[PDB]
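As structure tokens, one chain now follows by itself in the form deposited in one PDB entry.
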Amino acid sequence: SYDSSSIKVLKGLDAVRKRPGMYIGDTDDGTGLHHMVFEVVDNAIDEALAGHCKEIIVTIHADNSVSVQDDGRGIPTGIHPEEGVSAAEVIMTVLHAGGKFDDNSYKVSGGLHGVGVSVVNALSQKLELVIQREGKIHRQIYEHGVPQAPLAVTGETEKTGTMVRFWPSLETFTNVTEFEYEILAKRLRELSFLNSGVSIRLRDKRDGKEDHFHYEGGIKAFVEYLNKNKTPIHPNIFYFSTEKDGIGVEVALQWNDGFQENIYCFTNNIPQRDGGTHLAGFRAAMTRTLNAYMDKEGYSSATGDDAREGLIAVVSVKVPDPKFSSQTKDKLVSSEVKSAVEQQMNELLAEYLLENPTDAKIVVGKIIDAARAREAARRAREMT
């Protein structure tokens, strides 16, 4: 019998536990498990983007929990009048709740859905929250998303910051249930490059391993790092950072003598594994600008794929209200970012090629060689 009693409304965090895939991704291969950490880290990075956090400490504990401490402003603790509990508890227990729906608290933030840490909470057997704010230490414990007691003051402090420690629920996560140091370290190293001036520490209490990431030089240095064990073919890394029409665009790139393409795209410091409009704009400007240069200098018919071979690039955009296809933010679907990146790249890459004739000549050589190899592969295929 199909009638009004067949219709169910899921309340609070029940939807997250019921359908974890739409909130955290794959709960079996480890990627969802580590995403729990990255949600908490993204909130600390957002305090760093806002200018308030200079140190982040990520700890893998020996009982398979993870903690993240930041020295930012602290999650607000005052009573939220509408809901009648502390703003921190609203944040931990209510979907689509937070301080990133306008630009008053965070001008630019990776966060935008009001869901992230509420997901972490919902999918954790236990979560510990410690907040340092307004001279006071506040603490609260959750079990499966349920607060055990109201947020309470436990003492005094000169400091500000937020600490979240969580133990993931094995009723949700299967197969890969332990944290992998190198997965966390990769992401934290990249965040250090993206956030100059912010100390990021990683500690593993299982084995005593630790890292301290504090690179200077930003994404230009990130490109150097990524070519470290490769062989760059030209010495001058192309780089710019601009802020035009409400949108920050920062690009670095360099070709090496290998045959792979590795472009890393980020929006408000969140990676897009599956690319998006920023990558589409980057590719479009590279193809245009190189073809124009080869035409003006008399070297020209290669395509956009021949520009790929040997490329390492980082594209990092800063956007007031970006649009992603999912909570995991694997893909950027904001059309005006395609145009901002394309426009800035066309102008600054053309200047780069004019100002660095030796590099330009080497890169043209590489593109031509890629095209020559592509055409020979094709003829060889046809002939078998």
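We call the rigid core the largest set of C-alpha positions that still match within 1.5 Å between the two forms. Numbers for residues come from their place in the sequence shown, where the first is 1.
Heads up, the form deposited in another entry isn't pictured, but that's what we're talking about next.
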Superposing the core, which one of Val176, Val115, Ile183, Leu226 shows a C-alpha shift reaching 2 Å or more between the shown form and the other one? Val115
When the two forms are laid on each other by their rigid core, does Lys159 show a Cα shift of 2 Å or more between the shown form and the other one? no
Checking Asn104 here: with the core superposed, does its CA move 2 Å or more between the shown form and the other one? yes
Establish whether a shift of 2 Å or more occurs at the C-alpha of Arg201 between the shown form and the other one, with the two forms superposed on the rigid core. no
Between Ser86 and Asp103, do the C-alpha atoms lie closer or farther in the other entry than in the shown form, with a difference of 3 angstroms or more? closer
Note whether the distance between the C-alpha atoms of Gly111 and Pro20 decreases (closer) or increases (farther) in the other entry, against the displayed form; the change is 3 Å or more. closer
